[PDB]
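Written out below as structure tokens is the structure these notes cover.
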Amino acid sequence: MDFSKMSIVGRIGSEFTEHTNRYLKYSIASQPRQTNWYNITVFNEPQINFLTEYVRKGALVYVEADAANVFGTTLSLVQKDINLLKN
Amino acid sequence: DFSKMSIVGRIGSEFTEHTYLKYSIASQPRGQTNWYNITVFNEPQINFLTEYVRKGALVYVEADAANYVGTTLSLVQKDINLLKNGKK
Amino acid sequence: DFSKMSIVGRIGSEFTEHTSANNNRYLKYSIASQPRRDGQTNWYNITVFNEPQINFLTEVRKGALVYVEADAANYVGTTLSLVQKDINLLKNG
Amino acid sequence: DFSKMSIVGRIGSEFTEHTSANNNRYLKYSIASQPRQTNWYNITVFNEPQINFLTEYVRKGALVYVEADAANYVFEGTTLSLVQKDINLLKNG
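Those sequence lines, one after another, are chains D, C, A and B. Sequence positions in the first sequence follow PDB author numbering and run 17 to 36, 41 to 53, 57 to 92, 94 to 95, 103 to 118. Sequence positions in the second sequence follow PDB author numbering and run 18 to 36, 43 to 53, 56 to 94, 103 to 121. Sequence positions in the third sequence follow PDB author numbering and run 18 to 76, 78 to 94, 103 to 119. Sequence positions in the fourth sequence follow PDB author numbering and run 18 to 53, 57 to 96, 103 to 119.
And the structure:
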């Protein structure tokens, strides 16, 4: 079956804002050298907790997220996994 | 620091050529379809695409991702696998 | 810290079912992945605990082109363990 | 068809240098990756720009993210070759 996943290494550039089954929302600033901002959505509740409990703003992370795209075109990135590299 | 995408999907366009190659992949897990525009500079891959790959091909692409600000996604191809080719 | 493998290849065995010392059921199968057809064919033995995937596989035919992601470890001769995390059926047998 | 590995781990060796069958230069090193039991993986490097990148910038103990092409070579039993395709330095030594 078709898929589309994204892997990002970057820094957490926002607070964890929470919405309504809850979800968590935050952005990663990723700068390979030009700085790319990506908004992550989180439903997996264990990860939601892991983020709120342990992870502070400015953390270097490695995130994997499932990606989707029309209305303009909008990118949804739903988190699958997170590695805290440095808090 | 990086941001890369991997996609499996079907090639949903002709290969249009600029000054690099452009094409779109329709990735449809079931059901909604996610359209991704791929940009190709790597010339060997550009040739591989034009010389072998037909529209409707199931492909596995990896691409470097960037976001240019409303916000737009650039996806520059780094690798391609042909999984199954198209009509003839 | 991690070590994961992604494979595209064909299922080159029956699905044999076993018990794991820790007392889990797991499924074993091998993927033949041959990127060249002038180069060798890499055989990789996959272990599956995730029961939904175990069922998904038993309910997949031999020779299927698959895309598998698996956690990798080395266990001691020294051997490679590849525990399945996800599977995409690209084309069946 | 493919079989790539992605590893996050620490460089656990010096960069030892060798030459190939066809007189081609390669670098060897190992990555210790410890998710939680510590997996050692031996990386082979031909891509000369990366060879330089390693020798020039990267110190032992570096946290790295490596992607490597994987192959299995049979003999006599089975051996895993991991040839580096890319490296990210996450934190140096």
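Quick reminder that beta carbons are idealized off the backbone N, C-alpha and C, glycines included.
Quiz item: How many whole angstroms separate the CB atoms of D:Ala-88 and D:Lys-111, which I take to be in contact at a CB cut-off of 8 Å?
Solution: Indeed, because the Cβ distance is near 6 Å, the residues count as touching under 8 Å.
Practice problem: Please report the Cβ distance between D:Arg-79 and D:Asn-118, rounded to the nearest whole angstrom; I am assuming they are in contact, meaning their Cβ atoms lie under 8 Å. | Solution: About 5 Å separates the two Cβ atoms, so the contact holds.
Quiz prompt | Beta-bridge partners of A:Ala-88, as assigned by DSSP | solution = Looking at the DSSP assignment, A:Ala-88 forms a beta bridge with A:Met-22, A:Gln-110.
Quiz item: Between B:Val-25, B:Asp-18, B:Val-109, which lies nearest to A:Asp-18 when the distance is taken from Cα to Cα?
Solution: Of all alpha-carbon atoms in B:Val-25, B:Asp-18, B:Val-109, the one lying nearest the alpha-carbon of A:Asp-18 is that of B:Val-25.
Quiz item: Using a beta-carbon distance below 9 Å, is D:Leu-115 in contact with chain C?
Solution: no
Quiz item: Under a Cβ-count criterion, where at least 16 other Cβ atoms within 10 Å of its own Cβ denotes burial, should C:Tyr-93 be classed as buried or exposed?
Solution: exposed
Self-check item: Element boundaries [beta strand (DSSP E), containing C:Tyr-46]
Solution: 44-50
Practice problem: Look up C:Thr-64 in the DSSP assignment and say whether it is helix, strand or coil. | Solution: strand
Practice problem: Please decide whether C:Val-86 counts as near chain A, where near means a Cβ-Cβ distance under 9 Å. | Solution: Not one chain A Cβ lies under 9 Å of C:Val-86.
Quiz item: Which one or two residues does DSSP pair with D:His-35 in a beta bridge?
Solution: D:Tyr-43.
Quiz prompt | Residue closest to D:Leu-115, alpha-carbon to alpha-carbon, out of D:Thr-104, D:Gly-103, D:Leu-106, D:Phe-73 | solution = Considering only alpha carbons, the answer is D:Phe-73.
Quiz prompt | D:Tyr-77 burial status per 10 Å Cβ neighbour count (16 or more: buried) | solution = exposed
Exercise. Might you give, ordered along the chain, the residues of its own chain that have their beta carbon closer than 6 Å to the beta carbon of D:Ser-23, omitting 5 neighbours on each side?
Key: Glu-87
Quiz item: Do B:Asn-62 and B:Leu-108 have their C-beta atoms within less than 9 Å of each other?
Solution: Cβ atoms of B:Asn-62 and B:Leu-108: closer than 9 Å.
Quiz prompt | Alpha-carbon spacing of D:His-35 relative to D:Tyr-46, whole angstroms | solution = 11 Å
Quiz prompt | Local Cβ density within 10 Å of A:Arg-27, reported as buried at 16 or more and exposed below that | solution = buried
Quiz item: Roughly how many whole angstroms lie between the Cα atoms of A:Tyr-43 and A:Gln-70?
Solution: 10 Å
Quiz prompt | Cα-Cα separation, B:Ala-91 to D:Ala-90 | solution = 30 Å
Exercise. Would you grab the beta carbon distance between C:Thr-75 and C:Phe-32 for me? Rounded to a whole angstrom, and I think it's under 8 Å.
Key: Contact between C:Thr-75 and C:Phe-32 holds, since their C-beta atoms are separated by about 6 Å, short of 8 Å.
Self-check item: D:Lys-21 classed as buried or exposed, judged by whether at least 16 other C-beta atoms fall within 10 angstroms
Solution: Counting every other CB atom within 10 Å of its CB across the protein chains shown gives D:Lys-21 a total of 16 or more, marking it as buried.
Quiz item: What does a CB cutoff of less than 6 Å around A:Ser-50 pick up in its chain, not counting 5 residues either side in sequence?
Solution: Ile-24, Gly-26, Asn-59
Quiz item: Can you list, in chain order, the residues of its chain whose CB lies under 8 Å from that of B:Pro-52, leaving out five sequence neighbours each side?
Solution: none
Exercise. Compute the Euclidean distance between the alpha carbons of B:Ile-113 and B:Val-84, then round it to the nearest angstrom.
Key: 7 Å
Quiz prompt | For D:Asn-72, three-class secondary structure by DSSP | solution = helix
Self-check item: Span separating the alpha-carbon of residue 15 of chain C from that of C:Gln-57
Solution: Here chain C has residues from 18 to 121 only, and residue 15 of chain C is not among them.
Self-check item: Rounded separation between A:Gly-29 and B:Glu-96 - CA only
Solution: Between A:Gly-29 and B:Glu-96, the C-alpha separation is close to 22 Å.
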